[PDB]
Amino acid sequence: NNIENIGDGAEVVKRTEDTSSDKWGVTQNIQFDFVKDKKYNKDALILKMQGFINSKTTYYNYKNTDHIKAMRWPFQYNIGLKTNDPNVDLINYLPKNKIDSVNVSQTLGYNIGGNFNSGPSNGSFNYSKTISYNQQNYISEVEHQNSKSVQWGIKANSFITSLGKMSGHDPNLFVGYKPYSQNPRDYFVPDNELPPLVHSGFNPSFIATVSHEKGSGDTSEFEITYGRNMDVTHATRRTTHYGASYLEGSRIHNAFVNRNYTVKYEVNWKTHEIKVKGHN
């Protein structure tokens, strides 16, 4: 069963939708939890956005050269949610503020009568939903928000390198130790020195709660966007008088923006059925 009783005259109807795109290298695992409460004057839906966004980190030689090689990597991950229904309002979302901690763990609590809150380090609520994601060396913040939308940016922040502390904008970030190699991968730091968000990808965990005016319409559409913004780091071999060789990085910041996989979902407030309307 996917209907749980949260109190007297209150229940949560649970539904899940799963979609993947080889085109974008994204998996969207969406949880739709319908809040059915007699003591609450509105229809409510808790959306838990999970899945996977591949880093799509690629290493390649620069043109017809042997001494310039490149690394294309995700500077920022994009997580967005929007609605086109005038009768639907975005009431809350998690995370709400700029957060730089390695693990982002937050809880949304629900109490009968339409009361929504956030839990610390515990329950006691009638119903609750929890987010958990790792963002090592990255920072999360809300880029854009209103009553119909919320957009997050999980961007490169601070790194501990062999040359000391580096920002996500440092041109020498990720530059390797093998200038005489012919493999573009060797011009860049090994995977054990790369954060998971660069070597593998991102495992999102985001929450958004929407309120629908009762009887205003049976259906509502939601667009969920998962993607990334790519940077290109070029590592040129040098050359010094003494004879020793080293690598030097130059950067094309925001070389490939909004490499996003957008899925349009249809929700039925009466039957609690989910339909995938379309995608890209």
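The numbering used is simple: start at 1 and walk along the sequence shown.
The entry models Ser121 and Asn122 with a gap of 1 to 3 deposited residues left without coordinates. As recorded in the PDB entry, 112-120 is the stretch of 112-120 and 76-84 with the greater mean C-alpha temperature factor.
Taking only CA atoms, the mean B-factor in the PDB entry is higher for 214-222 than for the other of 214-222 and 228-236. Of the candidates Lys270, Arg259, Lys264, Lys23, it is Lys270 whose Cα B-factor is highest according to the PDB record.
Among the modelled residues of its chain, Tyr133 has a C-alpha B-factor that falls in the lowest third according to the deposited record.
Ranked within its chain, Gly176 lands in the middle third, by CA B factor from the PDB record. Ranked by Cα temperature factor within the chain, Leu194 sits in the middle third according to the deposited record. Ranked within its chain, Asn92 lands in the middle third, by CA B factor from the PDB record. Annotation for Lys165: C-alpha temperature factor in the highest third relative to the rest of the modelled chain, per the entry.
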